[PDB]
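Here Cβ is always computed from backbone atoms with ideal geometry, including for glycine, and neighbour counts include all displayed protein chains. Coordinate-derived values only; no laboratory data.
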Amino acid sequence: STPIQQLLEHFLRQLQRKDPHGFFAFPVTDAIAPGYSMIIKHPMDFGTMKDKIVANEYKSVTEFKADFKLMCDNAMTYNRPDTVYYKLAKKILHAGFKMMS
Ligand SMILES: Cc1c(NCc2ccccc2N2CCN(C)CC2)cnn(C)c1=O
């Protein structure tokens, strides 16, 4: 594990603690979210982020932050502001960026 892998594994653990239900743990499917893949061009989830760390696909903290923001932005695009997914996406986006300083 490279230094960047160890730091991103730390950040991901801290970010997932903010999603105790694991709403963001796995990819959203069109089966449970009608039209999701037609509205969201670039899906992201914490599970895919873990796999990218393990594969050493993140070469900067900026790239990891961009995937976290994408995951949150996707939830705030597909879902209405009154929904659990939208409200948690917004909360963890701000708290996560603050946490990662
Ligand atoms: C983050 C998110 C979701 N996260 C949860 C989620 C993600 C992937 C697969 C299933 C689930 N749901 C878990 C809770 N169940 C009540 C429904 C199925 C689901 N739908 N949408 C549209 C989202 O944006």
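Do you know which residues across region 45-73 are touching a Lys or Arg at 6+ places or on another chain (Cβ under 9 Å) and under 19 Å from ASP19 (Cβ atoms)?
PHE64, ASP67, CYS72
Inspect all residues belonging to region 31-38 and state whether any of them is within 9 Å of the ligand (Cβ to nearest atom) and in contact (Cβ under 8 Å) with a residue 24 or more places away in the chain.
The answer is yes; a qualifying residue exists.
Please pick out the residue among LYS59, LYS52, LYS65 that is under 18 Å from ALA89 (Cα atoms) and among the basic types (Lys, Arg).
When all the criteria are applied, what remains is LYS65.
Tally time: how many residues in region 10-52 are of a type in the set (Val, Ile, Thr), part of a loop (DSSP other than H, G, I, E, B) and surrounded by 13 or more Cβ atoms within 10 Å (Cβ to Cβ)?
The number of residues fulfilling the criteria is 2.
Look through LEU7, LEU93 and report the one residue that is among the aliphatic types (A, V, I, L, M) and either within 16 Å of the ligand (Cβ to nearest atom) or exposed (fewer than 12 other Cβ atoms within 10 Å of the Cβ) (or both).
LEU93
Filter region 22-56 down to the residues that are farther than 23 Å from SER101 by Cα and touching a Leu at 6+ places or on another chain (Cβ under 8 Å) and list them by number.
Within region 22-56, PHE23, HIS42 qualify.
Could you list, ordered by first residue, the pairs with Cβ atoms under 6 Å in which the first is in region 13-30 and without any contact (Cβ under 8 Å) to a residue 60 or more places away in the chain and the second is among the hydrophobic types (A, V, I, L, M, F, W, C), at least 6 apart or interchain?
From region 13-30, the pairs are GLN16/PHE46; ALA25/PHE46.
Looking at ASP45 and the list (1) more than 12 Å from the chain's Cα centre (by Cα); (2) of a type in the set (D, E, K, R); (3) within 16 Å of the ligand (Cβ to nearest atom), which single condition is not satisfied?
(1)
For region 53-76, name all the residues that are part of a helix (DSSP H, G or I), surrounded by 14 or more Cβ atoms within 10 Å (Cβ to Cβ) and either among the hydroxyl-bearing types (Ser, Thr, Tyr) or within 15 Å of the ligand (Cβ to nearest atom) (or both).
Selection gives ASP67, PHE68, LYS69, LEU70, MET71, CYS72, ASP73, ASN74, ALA75, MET76.
Taking into account only those residues within region 15-47 that are in contact with a helix residue (DSSP H, G or I) (Cβ under 8 Å, 6 or more places away or on another chain) and β-branched (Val, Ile, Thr), which is nearest to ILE92 (Cα to Cα)?
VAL28
Residues that are hydroxyl-bearing (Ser, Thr, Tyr) and within 20 Å of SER1 (Cα to Cα): does region 38-53 have at least one?
Yes, because at least one residue in region 38-53 is hydroxyl-bearing (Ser, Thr, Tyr) and within 20 Å of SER1 (Cα to Cα).
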